[PDB]
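Enquirer: Take a look at the following structure, please.
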Amino acid sequence: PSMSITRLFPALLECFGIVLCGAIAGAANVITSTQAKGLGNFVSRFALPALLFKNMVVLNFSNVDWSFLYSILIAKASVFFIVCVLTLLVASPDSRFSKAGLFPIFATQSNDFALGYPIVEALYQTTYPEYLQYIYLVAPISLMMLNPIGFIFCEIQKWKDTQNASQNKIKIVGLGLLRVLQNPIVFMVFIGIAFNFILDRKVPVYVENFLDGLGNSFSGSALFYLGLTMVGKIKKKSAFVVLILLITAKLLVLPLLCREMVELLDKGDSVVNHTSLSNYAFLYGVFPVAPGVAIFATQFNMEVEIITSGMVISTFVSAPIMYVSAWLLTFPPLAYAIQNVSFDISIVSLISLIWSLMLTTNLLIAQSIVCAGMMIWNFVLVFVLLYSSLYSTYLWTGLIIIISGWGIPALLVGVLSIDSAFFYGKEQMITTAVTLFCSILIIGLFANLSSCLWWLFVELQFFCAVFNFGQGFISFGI
Amino acid sequence: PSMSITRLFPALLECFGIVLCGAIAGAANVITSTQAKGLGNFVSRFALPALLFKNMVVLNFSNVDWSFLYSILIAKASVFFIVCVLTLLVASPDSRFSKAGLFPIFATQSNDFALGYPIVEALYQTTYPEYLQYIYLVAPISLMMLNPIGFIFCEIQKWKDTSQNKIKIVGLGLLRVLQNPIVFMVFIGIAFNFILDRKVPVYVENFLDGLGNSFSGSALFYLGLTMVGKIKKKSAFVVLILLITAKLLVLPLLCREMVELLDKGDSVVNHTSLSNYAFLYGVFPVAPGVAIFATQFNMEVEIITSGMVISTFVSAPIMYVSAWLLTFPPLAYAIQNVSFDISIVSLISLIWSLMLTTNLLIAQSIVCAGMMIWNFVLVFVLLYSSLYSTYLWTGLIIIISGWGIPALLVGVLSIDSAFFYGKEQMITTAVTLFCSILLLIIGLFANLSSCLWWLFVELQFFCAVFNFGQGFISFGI
């Protein structure tokens, strides 16, 4: 269809893989913060500006869909305004401006260059190549109008800290726009578009090779540098709930507003392209909070902790959501897709839990067989007894302990044809209801109530696969 | 022909430009040693290892020219043996082994991955794609035979500092080879090449591509930050020059000879192509590998690191001119073409470098700028009036005399700039050669044979760099 649905895992495998290479190394101490400073400078001062120049002095202004651009822009503007007004309504009287200035930019700014660009390249490289122009246009523009407004709010906060002298045009907007203009993500865009208009939208040959060499060495480098900045960063209940608010105000609220704005504004004659743009905007906002919002908050020396914790968390939760949502949008055949996502989730998590690998460690080995059962079933009772291990884990989370789990009634059930659950009839489902029965008398068990009772009561199967074949995901975190 | 001659400078501007960025940054106190160290642990621990696994687990063993491989190998071995025995013959009695282990590996190893691979890609991307297999095979093999012998001398020299015939002599002499990502990862790559059907799994292909393509520019940059504050005796200078003519001068001749008397290709055009390709092998500057070796062993180092920096600088002109000389035997235009490339870039550095000495720089800039108006078209030929001025301004009221130079009279008095309005300019250039016979001074030596060869194509190739490339000294002074 209009989405490279298969490259989802491979594209996320590359982005969530290079960044991982820098987390274990960052954890290994092989490259400390001082060592990481050189890579950060290389990716910020040379690698990224060269990429911006190369993609700006050649980007076409003739065939673009500006309607999609304004739709996304007003979606993020509305999210900005909502976040600002509710943050102003409830806050400490001496800190309203700080929150109203940092929170909404932290929800309207996403790292779409480092992580978003490879993902959108893998999804659109042969179907609709024009989408790269939109991803390269919308980000700087969104960094040009909203950023200054949020910066103006932080300067009002500073005016609260120091009365100054009513610098309405001296400090309120003197540095509010200066900070935006003195960033390589903005002024280099101006230089690139100026050279685009000066020439015939072409880069000189003598410098084309230099620009290509200094530009293609940024994606993996940026992912690695992000990896070294995602170590030792996650550190109150109020902080937790506001964090859940900001996270559900970034990868949850922004998506729906974007799709509504696109569907209400864009008037494409071919409805397929209209739906493609709508879902494209839907995956907009899900991109983790841009580390650019993190360097801002560190420079202003604000609360910091919420954003940096949000910086790490936003990325982690974007991994599953970006995956399932891409499948749900293209979902409305689907039965084989249900076991397809289960296979990819299992194999990579199988690597994960083995690295993580008495009662608790019994779950890991029991879970691995469920993951191990995925591939052997994937190529093909011998390969179906994985449910016995899976049924064991259904209560083992809630539990002489080991022998009771080993002596589960599942082997009796095993003694007693499209997918693993519906293979030899329905008599396995009622046994899972006994596991549901034992479940009702830990987060995995609430899945059991809904993942093993839907027949007696496709999107149901989509969350029925991540419940069990992806259960090893928790092992990495614990 | 068999060479992408036009793509040298775009590649040379790439490889020199990217490393230049790291060099000026390392010279800007913006990215210090510690910062560069992280870039070094991300260019050799993942970026370089990942590249090896991608280009080894897919590289074919069915269609390769092994004859070219052995010929280069025995050429590099012969150079190894020659310099080793010479260093052994003449040296301090307590230090013969150290040089005999360090100077020949330093003269047989070269950074073929960081600076050689982009160049060979630019010259062979649509003509001879097999070339990359040879650039990817010969280097690891050469790091597996000669280097162990080097470490043997390194352990022979350590045998002087402190009967470990198979306890140290070869216990660590091969250990250092097998414990390098440039060797053992090759073994892993070939093992997976034979385990699979010479294919990389799809689920890891994107990861390997992402971690591999981010290594060329990164390695060039890293080298850029390792080339700052590194250039620091007369004996040291002369042995350095001996190593410079050992690495980029003698070894290329040995390679071209080995290849022409070993390879028996039916199509002699391919035979000549590989001969110059082997000749190019060795013109590459020494690898950072020899530098990190000598630093770890804690030997003299100075010569290796200064040779490291110098080798690359001298590899820029040699590589470019050599690329043109091999394909030279039309050429007259080629002469003004190369004169153009040198003039435009030289002027750029000249400006950044830009009273009597700076009078040369502005006068020189007119010759380069004049080479551009001349490359675009007496008005554009009076660039030679500044050039005749710089012919004695090097040997020079003084600026007043250089302004009142008789060239204005000559200008008052049709293929290329020198032979444009006849030969009466050459008789005046003879006068500039007459005032020369009556560093920058060395430029006059070119005038001695470059302004009177007609009175007396390679001459034109060396008569263009002397003037249109005169700025070269400005950057160095």
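Read-outs throughout are calculated quantities, based only on the coordinates presented, and are distinct from any laboratory measurement. Here the Cβ positions follow ideal geometry from the backbone for every residue, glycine too, while neighbour counts run over all protein chains shown.
Enquirer: Which order do B:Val64, A:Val120 fall in if you start with the one that has the fewest other Cβ atoms within 10 Å? Can you show the working numbers first?
Expert: Numbers: B:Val64 14, A:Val120 21.
Arranged by neighbour count, lowest to highest, B:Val64, A:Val120 become B:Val64, A:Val120.
Enquirer: Could you point to the residue in B:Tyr421, B:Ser218, B:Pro252 farthest towards the positive end of chain B's charge dipole, with +1 and -1 charges on the Cβ of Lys/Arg and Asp/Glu respectively?
Expert: With unit charges placed on the Cβ atoms, the residue in question is B:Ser218.
Enquirer: Further question on the same structure: D for region B:6-119, whole µm²/s, Stokes-Einstein with Kirkwood Rh over alpha-carbon pairs at 20 °C and 1.002 mPa s: what number?
Expert: Numbers: Rh = 18.0 Å.
For these conditions, the coefficient is 119 µm²/s.
Enquirer: Moving on. So what's the net charge close to A:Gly176: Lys and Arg +1, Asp and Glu -1, counting the other residues with Cβ under 13 Å from its Cβ?
Expert: Values: positive: A:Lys158, A:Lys169, A:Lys171, A:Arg179; negative: A:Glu155.
Result for the neighbourhood of A:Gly176: +3.
Enquirer: Follow-up. Quick one: Cα convex hull volume of chain B, Å³ per residue?
Expert: Values: hull volume 86.7 nm³, N = 477.
Cα-based convex hull of chain B, divided per residue, equals 182 Å³.
Enquirer: A follow-up question, please. In a shell of Cβ-Cβ distance under 11 Å around B:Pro10, excluding B:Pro10 itself, what net charge do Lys and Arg (+1) and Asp and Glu (-1) give?
Expert: Working: positive: B:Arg7; negative: A:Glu208, A:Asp212, B:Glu14, B:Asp341.
In short, -3.
Enquirer: Right, something else. Only loop residues by DSSP count here, and only those with at most 13 other Cβ atoms within 10 Å; note down the chymotrypsin sites (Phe, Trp or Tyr not before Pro) in region B:48-137 that meet that.
Expert: On the way: sites: B:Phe53, B:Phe61, B:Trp66, B:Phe68, B:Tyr70, B:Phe80, B:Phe81, B:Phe97, B:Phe106, B:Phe113, B:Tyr124, B:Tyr131, B:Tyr134, B:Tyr136; in loops: B:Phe61, B:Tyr124.
Of the chymotrypsin sites (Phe, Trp or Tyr not before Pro), the ones in loops of region B:48-137 whose Cβ has at most 13 other Cβ atoms within 10 Å are B:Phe61.
Enquirer: Calculated from DSSP H runs of 4 or more alone, at -39500 (n - 2.57) each and per residue, what is the 222 nm mean residue ellipticity of chain A, nearest 500? All intermediate terms of the calculation are to be shown ahead of the outcome.
Expert: Working: 26 runs with 329 residues, N = 478.
Helices in chain A give a 222 nm mean residue ellipticity of -21500 deg cm²/dmol.
Enquirer: Just to check, using Stokes-Einstein with a Kirkwood Rh over alpha carbon pairs, what's the diffusion coefficient of region B:332-476 at 37 °C and 0.692 mPa s in µm²/s?
Expert: Working: Rh = 15.0 Å.
This corresponds to a translational diffusion coefficient of 219 µm²/s.
Enquirer: Another question, if that's okay. For each of A:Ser450, B:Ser306, count neighbouring Cβ atoms within 10 Å of the residue's Cβ, then give the residues from fewest to most. It would help to have the intermediate numbers written out before the result.
Expert: Values: A:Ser450 14, B:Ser306 17.
If I rank by nearby Cβ atoms, fewest first, I get A:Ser450, B:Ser306.
Enquirer: Here is a further query. Just the Cα atoms of the protein assembly as shown, one point each, no solvent: what log10 I(q)/I(0) does Debye give at q = 0.04, 0.07, 0.09 Å⁻¹?
Expert: Those come out to -0.26, -0.76, -1.13, one per q.
Enquirer: Using the beta-carbon distance between B:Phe187 and A:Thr162 and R0 = 56 Å, what value does 1/(1 + (r/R0)^6) give for FRET efficiency, to the nearest 0.05?
Expert: 0.30
Enquirer: May I pose another question? Give, as a single signed number, the net charge of other residues whose beta carbon lies under 14 Å from the beta carbon of B:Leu413, with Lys and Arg counted +1 and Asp and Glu -1. Could you put the intermediate results ahead of the total?
Expert: Working: positive: B:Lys423; negative: B:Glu424.
Within the 14 Å Cβ shell, the charges total 0.
Enquirer: Rounded to the nearest 0.05, what FRET efficiency is calculated for B:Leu331 and B:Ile398 with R0 set to 30 Å and r the Cβ-Cβ distance? If you can, show how the numbers build up before the last one.
Expert: Values: r = 39 Å, r/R0 = 1.29.
The formula returns an efficiency of 0.20 here.
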